[PDB]
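Examination of the molecular architecture
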Amino acid sequence: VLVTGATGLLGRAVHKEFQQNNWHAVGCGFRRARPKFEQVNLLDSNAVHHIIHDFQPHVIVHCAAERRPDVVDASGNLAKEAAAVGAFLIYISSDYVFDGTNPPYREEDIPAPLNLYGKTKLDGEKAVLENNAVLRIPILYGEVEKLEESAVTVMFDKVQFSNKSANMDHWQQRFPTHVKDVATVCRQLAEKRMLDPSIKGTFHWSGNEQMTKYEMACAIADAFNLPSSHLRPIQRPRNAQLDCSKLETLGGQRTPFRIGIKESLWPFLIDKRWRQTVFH
Amino acid sequence: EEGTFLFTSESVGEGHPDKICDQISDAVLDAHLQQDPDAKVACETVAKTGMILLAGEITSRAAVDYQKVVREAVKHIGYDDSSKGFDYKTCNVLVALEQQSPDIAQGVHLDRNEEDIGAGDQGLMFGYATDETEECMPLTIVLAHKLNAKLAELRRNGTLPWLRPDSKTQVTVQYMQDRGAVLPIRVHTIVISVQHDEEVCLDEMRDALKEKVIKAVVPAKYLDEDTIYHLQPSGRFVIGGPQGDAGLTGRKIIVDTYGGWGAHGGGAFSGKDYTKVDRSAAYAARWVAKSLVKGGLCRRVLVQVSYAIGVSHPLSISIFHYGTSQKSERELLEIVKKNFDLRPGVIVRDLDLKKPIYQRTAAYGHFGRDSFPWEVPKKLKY
Amino acid sequence: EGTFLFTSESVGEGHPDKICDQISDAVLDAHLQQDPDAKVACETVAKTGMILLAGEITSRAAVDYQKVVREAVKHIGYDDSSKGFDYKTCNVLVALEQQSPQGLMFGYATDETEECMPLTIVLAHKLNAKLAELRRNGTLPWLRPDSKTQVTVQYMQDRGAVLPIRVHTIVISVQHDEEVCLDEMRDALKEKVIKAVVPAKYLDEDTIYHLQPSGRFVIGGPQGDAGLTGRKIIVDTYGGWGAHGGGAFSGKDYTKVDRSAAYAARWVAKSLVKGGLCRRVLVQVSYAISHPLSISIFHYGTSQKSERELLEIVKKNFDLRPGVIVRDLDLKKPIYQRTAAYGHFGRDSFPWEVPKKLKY
Amino acid sequence: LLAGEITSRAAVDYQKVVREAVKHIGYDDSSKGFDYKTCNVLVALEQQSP
Ligand SMILES: C[S@@+](CC[C@H](N)C(=O)[O-])C[C@H]1O[C@@H](n2cnc3c(N)ncnc32)[C@H](O)[C@@H]1O
Ligand SMILES: [Mg+2]
């Protein structure tokens, strides 16, 4: 039960989800991993080697961490030694692989992205797949420690401050997905594969709510009973919806956005932030 | 850097003279309670070279041998020989105890129903709670206490028979702010000084402290290679406790509570019965704070209450949740009003404050400890 | 509203613990006035007819402990047995051990009063002072030295700062003679003490008054309640506001960092507020086993500048090495006895209470 | 405990006098009932100096 990027929004969700429900879970990350997670750098080869060859993991989850641009990696190392011990790797990936024209993009569809973050995700999939899962996901939100941990949560300030108006992108259709919903999906693709092989090949998950930046902003405002009138609608895929078929075909989890984003963003309410000092 | 900050809390052993006094004071409270549950007790204690002085006011149907009680407590602490700087067998015990003032008695508890008895004093009191540990206490103060507790346990066990009772522990932790909550990262520094016999070499003690004390108490997660260890700094400490020093009841109020976190209203616990709200309301306030954290209404909370003498009800109640709750601070206040009744006449029953086990509270903190009634969270109905 | 209440208390000079603090610092003074480098840890204990002095002293001075003690008790007002205590006839016991030849500390300041102190404690302090003044006046001749006050203020949250709105509740208990009646006393405390100390704007018809709530306070001073040095540390400081690490002030000399660095930390905190750099602030100082290892500044979001920026501003205006602190604050001079009542902070007379103009 | 009235110019260390006398007498350990090293020494002498 090893989780990478366990200090990130996604990884903290994964580790939580396993450990509470009948697993001995152990996460890791480069930046500031201790005290809650055994510290490990991915690009340090002997470090990666030690903990895997020392822990005896049933399953591994490589989480691609941090968001916000919206404008490198060799993950092959992992698969070599992931499979070396009796366990299978789940490489998390992004909808920034398809062009965003013929939705809903299928598991077996052919990818065609553009520039930074586009194909740079495929090279990791190549490296993982060759030498022996690839669970793609859309834009993520969740219970963030800082607003910049999610491309959804950064907007919250702009939603609150009416005094200055801002413009939100209505161009790009997306499916904001609670990392916690992904956390369970990941627990389900592991809970079963150990019993029912041979579950691998490229996979797709996503929530069922279609939204744009502007609609997400107004969804957030209306969740907190706030004024949204100051919001203004106006190389990336137009709509790369993820055809969530295979894992849905088996039999996932879905948290309604208006409840999940409210649960996640209440601690960043202006009034609460003022109150968040060490001493009264 | 990130929102990182250092914070230190300290604790002391039973041999520290301030805590010797606290312990004695509570030993006299326990002695009185055993025969008179309604004993009025305000017993201050003073320790000095060769001397224990009891001073204060007690009204009790109990009959108590102050000599025995004082000397027996000094025995339990472990000062039994001139070589240790103090001996219960041969020390000076002086007693300056009078009756509680009638003017207070009439104005507080005379001819009144238990529920209507006024606070025994004016005062202000705080309760604090924090999800950074299972005990809902600051890690800094929890480690500080436990370290001293480990030392005396090992002393009594015979595993370290070169230890004496006086000890002081400081614990510094590197903390991260988290949306009003606080997160401990690592133990920055541990300082340990403890009294010892003349026979042992410095390097055996420092070895024992690290391997046999610190590692038994502090989780490996919090320790690392940059963690600074000052064990027995400046050598010496062969003599300790009251000898060449002076100590009093009520001079470790911060050590007794939250190691610098939360807040404090000045009032000292030891030597006082439940009608002294410095203690009873403070225990109550902690019970409230913890109940809110364990009940999931917040991650961190500070509670204030105040009282006037001869008045049953709190003059004021205040809740600060450090923006760690979805509910407003006024919502929490409202929840507190309908689940708690903080008159000393009612708290005594809720927390059972006539039992003679106050001497157990006189060291290693009054809060965050198993089997204390104020540590058992009340389920809230809202 | 988004309002809240907060309470702080104070005590008079005749309160037994505060007696003990005053003597402890009168002792200190008497030593320093003879010996600038005298080391002092003087505990004072008070109970019916007894002042016990205890602790450790390294000094070249020879002090008449009996004159020191009796003069303090005279000053405080305990000059007859009918008042429970008399400097003329009391017992002075000395157990001091003379010879001849690491820690958090907190400063706090708030712009809610001119004195940069929480309004709660400021009013509580001042209430006790009007009592002593009026007792010595002979305006209220039935007054006696032992007293306690408590102020609860209703506050507003305002962007990290705290905004006093009104005085919600006031408690005054004061020792009195056997002549005066209860109604007269209560009528006097409200009209002559409270209305002379609390600004009118904060007093309304819903303000609750617990005046002589005990009903009788004739027995008092050490007779009423044992007193000890160092048992009013929150009254000495911030009245539940800010923070406190645990050390008593009174009876220690400047070489005790519990005192001298605490005074400095306030000095800094009060400089920042009076420099308009922050509406309110708490200053932390970890000293290590030299300059202070770590310093945190919590400006409560009430400063346009960052914490690092405020730190730098602190570094180039303040020397916080114990040695330098005593020079800057003139701590070798023997007038600590004036600190031991009415709180150590919030009075212009003290070096640490005079804000240093900041150049940054 | 030392009690009584003294009028004099000397500055006596009552610590040393009391402790050194008790040492001479031979009370130096708790097993013996009394010890010059650890005993309380209380002074209520009322002294002046004309
Ligand atoms: C309530 S008293 C006594 C504390 C404890 N309850 C006892 O019996 O000793 C503590 C402080 O309150 C004040 N006080 C003493 N007697 C009082 C009385 N009869 N009425 C009101 N206040 C009093 C004095 O300032 C005293 O130091
Ligand atoms: Mg104490």
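Residues numbered from 1 in each chain as written, not as in the entry; some residues may be left out. Chains lettered and ligands numbered in written order. Part of a larger assembly, values for the part shown. Heavy atoms only, no water.

- Method-wise, the PDB entry is recorded as coming from X-ray crystallography, at a reported resolution of 2.59 Å.

**Side note on the overall build of chain B**
- Within chain B, the secondary structure is distributed over eight helices and 13 strands.
- Seen along its three principal axes, the alpha-carbon backbone of chain B occupies a region of about 60 × 55 × 25 Å.
- Taken over 382 residues, chain B has a buried fraction of 68%.
- When contacts within chain B are restricted to residue pairs at least 6 apart in sequence, long-range pairs at least 24 apart make up 73% of them.
- Surface exposure of chain B reaches about 12,900 Å², of which carbon and sulfur atoms provide 48%. (Helix = DSSP H or I, 4+ residues; strand = E, 2+ residues; numbered from the N terminus. Buried < 20%, exposed > 50% of the residue type's maximum accessible area, 1.4 Å probe, protein only. Contact = heavy atoms within 4.5 Å. Areas by Shrake-Rupley, 256 points an atom, 1.4 Å probe, with all protein chains shown as cover.)

**Structural notes on the site of ligand 1**
- Around ligand 1, the surrounding shell holds 20 residues, and the nearest of these are B:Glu57, C:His15, C:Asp146, C:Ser214 and C:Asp225.
- At the site occupied by ligand 1, nearby residues are drawn from chains B and C.
- Contact between ligand 1 and B:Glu57: an oxygen atom at 2.9 Å from a side-chain N or O atom of the residue.
- Side-chain polar atom of B:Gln100 to an oxygen atom of ligand 1: 3.3 Å apart, as the coordinates give it.
- Burial of ligand 1 by the surrounding chains reaches 96%, relative to a free accessible area of 560 Å².
- Listing elements by their share of the shell around ligand 1, those giving two or more residues are α3 (102–108) of chain B together with β9 (143–158) of chain C. (Near = heavy atom within 4 Å. Polar contact = N/O pair within 3.5 Å; in protein donor to acceptor, adjacent residues only side chain to side chain.)

**Brief notes about the sheet that holds strand β11 (residues 246–248) of chain B**
All names here are of chain B.
- Strand order in the open sheet made by the four strands is β6-β3-β2-β11, with mixed pairing throughout. Each edge of the open sheet is held by one strand with a lone partner, namely β6 (92–98) and β11. Sheet twist, expressed as the average angle between the axes of neighbouring strands with direction ignored, equals 15 degrees.
- Across seven bridges, strand β3 (residues 51–59) lies against β6 in parallel orientation. Paired with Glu57 across the strands is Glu98, a residue of β6.
- Set on the sheet, helix α1 (residues 17–35) makes contact with β2 (40–48), β3 and β11; between it and β2 the angle comes to about 150 degrees. (Pairing = 2+ DSSP bridges. Axes fitted to C-alpha atoms, helices over the stretch in contact; angles between N-to-C directions.)

**Thoughts on the coordination of the magnesium ion (ligand 2)**
Residues and elements named next belong to chain B.
- Coordination sphere of the magnesium ion (ligand 2), protein contribution only: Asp22 (OD) and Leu248 (O), at 2.6 to 2.8 Å. With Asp22 in helix α1 and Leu248 in strand β11, this pair connects stretches of sequence that are 226 residues apart.
- Classification of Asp22 by relative accessible area gives buried; the value is 2%.
- Exposure remark for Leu248: the relative accessible area of 1% places this residue in the buried category. (Donors = N, O, S within 2.8 Å, 3.2 Å for Na, K, Ca; no water.)

**Observations regarding the interface of chain D and chain B**
- Opposite the 11 residues of chain D that make contact, chain B presents 11 residues.
- Summing both sides of the interface, chain D and chain B together bury roughly 740 Å²; the carbon and sulfur share of this comes to 49%.
- It is D:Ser30, D:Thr38 and D:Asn40 that lose the most area in chain D upon contact with chain B, and together they represent 68% of the buried surface on that side.
- Along the contact surface separating chain D from chain B lie six residue pairs in polar contact. (Buried area = accessible area lost by both parts, 1.4 Å probe.)

**Quick look at the environment of C:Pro199**
- Assignment of secondary structure puts C:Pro199 in the loop between α4 (182–197) and β11 (208–211).
- For C:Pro199 and C:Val167, which are 32 residues apart along the polypeptide, the C-alpha to C-alpha distance reads 9.5 Å.

**Here we look at the packing of helix α6 (residues 257–274) of chain C against helix α8 (residues 322–329) of chain C**
Residue and element names in this part refer to chain C.
- Put simply, α6 and α8 touch, their axes get as near as 10 Å, and they point 65 degrees apart. In terms of crossing hand, the pair formed by α6 and α8 is left-handed. On the side of α6, the interface is formed by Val257, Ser260, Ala261, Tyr263, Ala264 and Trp267, while α8 contributes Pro322, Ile325, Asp328 and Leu329.
- For the contact of α6 with α8, the per-class residue count stands at eight nonpolar, one polar and one charged. (Left-handed = near helix turned anticlockwise from the far one by under 90°. Nonpolar A, V, L, I, M, F, W, Y, C, P; charged D, E, K, R; others polar.)

**Focus: the pattern of salt bridges**
- Tallied over the full model, the rule gives 78 salt bridges over all chains.
- Taking the shortest distance from any N to any O, the salt bridge between C:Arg279 and C:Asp158 comes out at 3.1 Å. In this pair, C:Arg279 sits in the loop between α6 and β13 (280–286) while C:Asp158 sits in strand β9, placing the two residues 121 residues apart along the sequence.
- One continuous salt-bridge network, built from bridges that share partners, spans A:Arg106, A:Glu107, A:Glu108, A:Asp243 and A:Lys246. (Salt bridge = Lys/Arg side-chain N within 4 Å of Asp/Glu carboxyl O.)

**What about the domain arrangement of chain B?**
All names here are of chain B.
- One can read the domain layout of chain B as domain 1 (1–11 + 139–239), domain 2 (12–115 + 240–276) and domain 3 (116–138 + 277–381).
- Between the C-alpha centres of domain 1 and domain 3 the distance comes to 29 Å.
- In this assembly, 18 residues from domain 1 lie in contact with 14 residues from domain 3.
- A combined buried area of about 1,100 Å² lies between domain 1 and domain 3, and 55% of that area is made up of carbon and sulfur atoms.
- One can count one salt bridge joining domain 1 with domain 3.
- As a salt-bridge pair, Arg299 and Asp178 come within 2.9 Å of each other at their nearest N and O atoms.
- Where domain 1 touches domain 3, the interface holds eight residue pairs in polar contact.
- Contributing elements (two or more residues each) for the side of domain 1 that touches domain 3: α4 (139–157), β8 (163–178) and β9 (181–196).
- Broken down by element, the side of domain 1 that touches domain 3 gets its largest block of residues, 10 residues, from α4.
- By residue class, the composition of the side of domain 1 that touches domain 3 is 10 nonpolar, four polar and four charged. (Domains from an automatic or database assignment.)

**Quick notes on the UniProt feature "binding site: L-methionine" in chain B**
- In this structure's numbering, the residues bearing the UniProt feature "binding site: L-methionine" are B:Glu57, B:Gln100, B:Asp245 and B:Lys276. Maximum C-alpha separation among the annotated residues is 29.9 Å over a sequence range of 220 residues, too wide for a single clustered spot.
- Mapped onto the fold, B:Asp245 is located in the loop between β10 (228–231) and β11.
- Residue class for B:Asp245 comes out partly exposed when judged on its relative accessible area of 35%.
- Setting aside its immediate chain neighbours within four residues, B:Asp245 contacts B:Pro17, B:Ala47, B:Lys48, B:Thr49, C:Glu56 and C:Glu97.
- The contacts of B:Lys276, once residues within four sequence positions are left out, are B:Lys40, B:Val41, B:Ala42 and B:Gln100. (UniProt positions renumbered as here; feature names shortened; annotations may be inferred.)

**Some words on the sheet that holds β8(B)**
Residue and element names in this part refer to chain B.
- Strands sit in the order β1-β8-β9-β10 across an open sheet of four strands; the sheet is mixed. The open sheet terminates on both sides in strands that have one partner only, identified here as β1 (4–12) and β10. Averaged over all pairs of adjacent strands, the angle between their axes in this sheet comes to 20 degrees, without regard to strand direction.
- As paired elements, β8 and β9 share 13 bridges and run antiparallel to each other. Each bridged residue has a counterpart across the sheet, and for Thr169 the counterpart in β9 is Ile192.

**Topic: unusual backbone geometry**
All names here are of chain A.
- Residue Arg34 is joined to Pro35 through a cis peptide bond whose omega torsion reads 10 degrees.
- Along the chain, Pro103 connects to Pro104 via a cis peptide bond; the corresponding omega equals -5 degrees.
- Its location among the elements puts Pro104 in the loop between β4 (89–94) and α4 (122–129).
- Here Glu66, not a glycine, exhibits a phi torsion of approximately 70 degrees, which is positive.
- Here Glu66 lies in the loop between β3 (60–62) and α3 (76–84).
- In this structure, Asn131 takes a positive phi of about 75 degrees despite not being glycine.
- Inspection of the secondary structure assignment puts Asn131 in the loop between α4 and β5 (134–137).

**What about α6(C)?**
Residues and elements named next belong to chain C.
- With 18 residues, α6 extends 25 Å from end C-alpha to end C-alpha; this agrees with the ideal 26 Å at 1.5 Å per step.
- Burial within α6 is extensive, with 16 of its 18 residues counted as buried.
- Of the residues one or two after α6, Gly276 is the one with positive phi, at around 70 degrees. (Expected span 1.5 Å × (residues − 1).)

**Focus on the pairing of β10(B)**
Residues and elements named next belong to chain B.
- Pairing geometry for β9 and β10, over four bridges, is parallel. Paired with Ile192 across the bridge in β10 is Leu231.
- In this fold, the crossover linking β9 to β10 by way of helix α5 (residues 202–217) has right-handed handedness. (Right-handed = clockwise from strand over helix to strand, strands pointing away.)

**Some remarks on helix α8 (residues 344–351) of chain B**
All names here are of chain B.
- For α8, a buried count of six out of eight residues is recorded, marking the element as mostly surrounded by other parts of the structure.
- Looking only at α8, the buried set comprises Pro344, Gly345, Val346, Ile347, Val348 and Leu351.
- In this structure, the buried residues of α8 make contact with α6 (277–294) and β12 (300–307).

**So, the interface of chain C and chain B**
- Each side of the interface is counted separately: chain C has 63 residues, and chain B has 57 residues.
- Between chain C and chain B lies a buried interface of about 4,600 Å² when both sides are counted; carbon and sulfur atoms form 55% of it.
- Joining chain C to chain B, the criterion identifies eight salt bridges.
- Notably, a salt bridge pairs B:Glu57 with C:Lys47, separated by 2.7 Å at the nearest N-O pair.
- Remark: the boundary between chain C and chain B carries 24 residue pairs in polar contact.
- Of all the secondary structure elements, the ones that give two or more residues to the side of chain C that touches chain B are β1 (3–11), β2 (39–47), β3 (50–58), β8 (104–110), β9, β10 (161–176), β13 and β14 (294–298) of chain C.

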